[PDB]
Structures are given as structure tokens and as C-alpha cells.
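**Student:** Sequence, then structure. It's an experimental one.
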Amino acid sequence: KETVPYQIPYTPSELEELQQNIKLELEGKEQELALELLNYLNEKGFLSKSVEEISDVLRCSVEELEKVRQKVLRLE
């Protein structure tokens with residue numbers, strides 16, 4: 001790869017795909033958190049920090065954030 005990529009820093013397709021996949025996959029008390037942070041800050045989601053970060057920001061358990069993230073990341 002010579003020239004710079006296209007998914008940098010962050011692309012819309014990724015964010016939109018993340019939120020959609022969240023509400024399309026997760027549910028109950030899983031998609032809410034994921035979508036919450038996603039809509040709360042687009043910069044924090046696709047390439048968001050470690051699970052610990054998102055968890056600390058959402059004040060929710062890391063385990064949950066990990067499950068939702070893995071479910072929405074499994075697509076990749």
C-alpha cells in the first residue's frame with residue numbers, strides 16, 4: 001500500500017454499518033448500549049478504544065461491551 005487508505009481516519013460506511021448491525025444483531029440490553037455510544041460519539045465506535053474504554057465511558061460492564069462488539073465485529 002503506497003498512498004493513504006480510504007477508511008482513515010474513519011468512514012461513514014463503517015459507522016452506519018456498525019449501528020445497523022447492532023440493532024440488527026444485538027437486542028434487549030445489548031444493542032442499546034452499543035448504539036448509545038455509537039450515536040453519542042461517532043468517533044467512538046468502529047475504531048473506538050479498547051473494551052475497557054467504551055465500558056468506562058458507558059459506565060457499563062466490559063463483558064457486555066465485548067459481547068456486543070464481537071457480535072457487530074464478527075461481520076468483518
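**Tutor:** Great, that's in hand. Numbers count the residues shown, from 1 in each chain.

**Student:** my guess is residue 44 meets residue 54, correct?
**Tutor:** Yes: the criterion here is CB atoms under 8 Å, and residue 44 meets it with residue 54 at 6.8 Å. Placement of C-beta: from N, CA and C, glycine included.

**Student:** ok, these two, which is more surrounded?
**Tutor:** The residue with more neighbours, out of residue 44 and residue 54, is residue 54; 24 against 16, by other CB atoms under 10 Å.

**Student:** Grab the nearest non-local neighbour of the more buried one.
**Tutor:** Closest residue to residue 54 apart from its sequence neighbours, by CB to CB, 6 or more residues apart in numbering: residue 65 at 5.0 Å.

**Student:** next one: residue 42
**Tutor:** Excluding the flanking residues, the one nearest residue 42 by CB to CB, 6+ apart is residue 15, at 5.2 Å.

**Student:** quick one on the thing from earlier: where does the residue nearest to residue 54 fall, helix, sheet strand or coil?
**Tutor:** When classified by DSSP: H, G, I helix; E, B strand; the rest coil, residue 65 comes out as helix.

**Student:** After the one helix or strand residue 18 maps to, which helix or strand is next?
**Tutor:** According to DSSP states H and E, residue 18 maps onto helix 12-25. Moving toward the C-terminus from helix 12-25, the next helix or strand (DSSP H and E) is helix 31-40.

**Student:** Alright, I will stop here.
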